[PDB]
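*Asks:* An experimental structure, sequence included, is below.
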Amino acid sequence: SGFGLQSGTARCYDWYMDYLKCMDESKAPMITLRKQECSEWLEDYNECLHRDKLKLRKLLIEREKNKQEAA
Amino acid sequence: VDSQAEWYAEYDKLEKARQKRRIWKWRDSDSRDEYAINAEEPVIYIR
């Protein structure tokens, strides 16, 4: 869809549109090639959707904090 | 009955048909989604 819940657009609509624009700019003759060229934009969209890198960073910080506290 | 003319005409007809067939056999994907392979084609989407 792309529409928001309260109004406007979805929380991560713009990141997806960025990736789509990048694919449109690319001249690769196959979609697979274009996705390979635009993979970094897809990684940004996935990062905004789930915040996996931020979760890993928080996990590492918490774990080190626990190690310092125990010592 | 000019046999040479008939033979050359028949051979030419078969060769033209073979060429037309090979040209016909050159077919890219016609998928609506597959915009990359068909970028130059003039299409309008009502969606």
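*Replies:* Arrived safely, thanks for sending. Numbers count the residues shown, from 1 in each chain, chains lettered A, B, ... in the order given.
*Asks:* For chain B, what is the nearest residue in chain A?
*Replies:* Nearest residue of chain A to chain B: residue A:31, at 5.1 Å (C-beta to the nearest C-beta). To be clear about C-beta, it is placed using only N, CA and C from the backbone, and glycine gets the same treatment.
*Asks:* Let me know the distance separating that residue from residue A:17.
*Replies:* Distance, residue A:31 to residue A:17, by C-beta to C-beta, to the nearest Å: 17 Å.
*Asks:* any idea how far stretch A:29-45 is from the chain center?
*Replies:* Put simply, stretch A:29-45 sits 13 Å off its chain's centre (C-alpha atoms, centre = their mean, to the nearest Å).
*Asks:* Of all the residues in that stretch, which ones are buried?
*Replies:* By neighbour count on 16 or more other C-beta atoms under 10 Å in any protein chain shown, the buried set for stretch A:29-45 is A:31, A:34-35, A:38, A:41-42, A:45.
*Asks:* Which other helices and strands does the helix or strand hosting residue A:35 contact?
*Replies:* Secondary structure from DSSP states H and E places residue A:35 in helix A:31-37. Under the contact definition 3 or more C-beta pairs under 8 Å, 6 or more residues apart in numbering or on different chains; DSSP states H and E, helix A:31-37 sits against helix A:13-25.
*Asks:* Those residues of chain A touching chain B, which are they?
*Replies:* A:27-31, A:33-34 (C-beta under 8 Å from any C-beta of the partner chain).
*Asks:* what's the farthest-apart pair in these?
*Replies:* A:27 and A:31 (12.3 Å; C-beta to C-beta).
*Asks:* Run a quick neighbour tally on residue A:19.
*Replies:* For residue A:19, the count of nearby residues is 20 (other C-beta atoms under 10 Å in any protein chain shown).
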